[PDB]
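Same protein, same chain, two forms; see structure 1 and structure 2 below, as structure tokens.
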Structure 1
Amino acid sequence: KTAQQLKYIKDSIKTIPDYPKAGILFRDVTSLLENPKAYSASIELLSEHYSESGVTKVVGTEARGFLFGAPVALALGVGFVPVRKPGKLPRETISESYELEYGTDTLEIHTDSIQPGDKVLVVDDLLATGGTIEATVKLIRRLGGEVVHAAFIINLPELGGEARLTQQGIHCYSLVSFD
């Protein structure tokens, strides 16, 4: 039933060793996207999960996050709001910066697209360190939105992101997990 669907999704994901550099096992969701069965099931399962949750908006980060969050938004009948790298959004934004191993990056959101009252689901392709999602959550909360759920296709629990998101009050759901 679901174990079989979850397995077919997991099997559809390819692993590319040593990309982008030696040691990393890259989990490639493009092999899932190209399999209509695996892709459609992914969206079904993520949106099923929040069907009674009261969600009013879905937020996904650029660019692979768009591929899972916008279809979940359409499946729930709610608007989709992107969080982008800087200088890509044309109306008024706020921004949040997040530490990387070396250096910092920044994400932005349209100030008009979240307002007090909104219940927001974050959806992304993959949870690693959690830094992007932590910055996204702070963006949505600055704008009065309530977020307590982030959903992913893939969780890499060894990298600590779930743990970090837990400390921000976010519950994470992932379809599959790799070690």
Structure 2
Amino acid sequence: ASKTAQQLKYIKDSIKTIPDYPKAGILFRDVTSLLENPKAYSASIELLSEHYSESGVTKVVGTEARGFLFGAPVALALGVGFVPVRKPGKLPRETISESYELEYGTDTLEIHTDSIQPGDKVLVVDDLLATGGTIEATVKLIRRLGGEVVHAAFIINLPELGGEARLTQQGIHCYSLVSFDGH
């Protein structure tokens, strides 16, 4: 139908699936094929930017590193500043930190304290919503700095992994371009 419905279809199709990776039974959805498809990649940025055009967002936050690939072009499209959330020890200015759980341990994300401030309306962008661990931690970073965050946006959602449910149940309206079944 619309330019949006054709684009959403082309996007989903451009994302290749890798069977039995990283373990038997998992159908991996590989966003790197979308990155090397210029029509799919430009489309994705376009749709994300358009969806938030009237939202009054003042900053975009993306986590290292695939969050950078989608968050930063949306920031550039919206004409707002981009704020990276990073693995620990990479950011040079004063930071705060939050932990999150991995399958096999815990790790931390940091943000520059000078980069968010009261007033800010912040969109979080990432590639893929799975368990939502890193977004939960990002949300905390932002709120400690007085930022408002009620939107997170993704290229791919895996609803069966529960990220959406748990972010929703925490004030965050998730928007995702495409969604897949499975873990």
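Heads up, when I say rigid core I mean the largest set of C-alphas that superpose within 1.5 Å between the two forms. Each residue is numbered by where it sits in the sequence of structure 1, with counting from 1.
- Comparing the forms between structures 1 and 2, the C-alpha position of residue 171 differs by less than 2 angstroms, with the core used for superposition.
- Here residue 99 exhibits a Cα shift of 2.0 Å between structures 1 and 2, evaluated on the superposed rigid core.
- Comparing between structures 1 and 2 on a rigid core frame, one finds that residue 137 has its C-alpha moved by 0.3 Å.
- We note a C-alpha movement of 2.4 Å at residue 24 between structures 1 and 2, with the rigid core held in register.
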